C-alpha cells in the first residue's frame, strides 16, 4: 500500500480517539500529604511525553523531596539502600491509599528494578507510583521537548505504540520485548536520523525546572488526510528493517549520529558478564537509556524476540500497522 492509503487507514483508526489528569493528581497528592506534607508529586510517562492522556494508558507518578527536585540534574543511585528507602516510603503510601480508597487494588510490586506501587481502581483509573527518582521525570521531559519541536510527530509515536501492544511486541503483553518508552526512543532516534528533529543534549533537562503536572498540548487531526503520517510510518519501518544495523549500532539519544555497540562494550563478551534484575541482559537490539548508567532498554530482546520484531516490522508495511482488515 501507498503512504496515502496507510495515512488514510491510520487517520481512520484514530477518529474514535479524537471524539483530565488534574483530579487524579490531586487524589494522589491527598495520599502523599497524609504520609508527608513536605513531599512533592511529579507526573511522567506518556501523559507528559505527549501532553495528552490516552484511554488505555496508566499515569506514571513519582514522589520527590524538596532536595531531590533542587538536585535537578543528579543521577539516581542504583544501590540496595536507595531501593530500601524507596520501598519503605512506598509501603507507607500504599497503606494510606488503601485506607482512603477501599475499592482500589493497591499492589506493592517487588518483581522489578525499581520499587513501585501499582494501583488499579476500576474507573479505568490506573497508575504507578515510584519514589525518590528523577530519571523518569527527566526522560519524559526530554521526549516531551522533542515532541514540542514537531507536535504532529506524536501521531507516528502513538501509531507505533498501539501497533506494538496489538502485535505482542510491547512488553505490556505476554512474550513482549520492548516497553512503550523503548518504542518512543526508537521513534525519536529515527526522527533525528531524518532531520525531522533537532538534537537535544539529555544533560540540558533540569528537573528543578519542570512542571509537576505539565500543561496539556493540543493534538489536532492530520489535516493532509494523513499523507505525512503514512509516509513517516513506512519510512520508519524501512529504516529499522534496512538501515539501522542492529548488529553494530545502538539506538541512542545521548549523541547525534551513530553510537556503536563497540564503544559501549555492548558485545557478546559483555552478555556473559552482564546481569540485571537478576537475569541475563541481551545486546541483540540495543537502545541506550539517556540517563541511567549502562542500561540497555532492549535488554530483554533475545535473538528470538529480535526475529519476532523484524517479522512484525516486515508485516506492518502491508497492513498499515494492523489497520487494513
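We call the rigid core the largest set of C-alpha positions that still match within 1.5 Å between the two forms. Numbering follows the first chain given and starts at 1.
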- Query: Which of these two stretches, 103 to 111 or 181 to 189, has the larger RMS Cα offset in 7 other deposited structures of this protein when the rigid core is kept aligned?
  - Reply: 103 to 111
- Would you mind checking whether any residues of the deposited sequence sit unmodelled between residue 19 and residue 20, and how many (none, 1 to 3, 4 to 9, 10 or more)? 4 to 9
- Message: Test of understanding: from the entry's C-alpha B-factors, which stretch has the higher mean, 262 to 270 or 30 to 38?
- Response: 30 to 38
- Query: On average, are the C-alpha B-factors higher in 130 to 138 or in 92 to 100?
  - Reply: 92 to 100
- Item | Out of 192, 116, 223, 250, residue topping the C-alpha B-factor column of the entry | 223
- Query: Which listed residue, 255, 111, 83, 162, has the largest C-alpha temperature factor in the record?
  - Reply: 111
- Determine, from the deposited record, the chain-internal third of the Cα B-factor for residue 176: lowest, middle or highest. lowest
- Message: Where does the C-alpha B-factor of residue 56 rank in its chain, lowest, middle or highest third?
- Response: highest
- Task: Taking the values exactly as deposited, rank residue 66 by C-alpha B-factor within its chain and report the matching third: lowest, middle or highest.
- Result: middle
- Could you look up the Cα B-factor of residue 125 in the entry and say which third of the chain it sits in: lowest, middle or highest? highest
- Based on the entry's values, in what third of the chain does the Cα temperature factor of residue 213 lie: lowest, middle or highest? middle
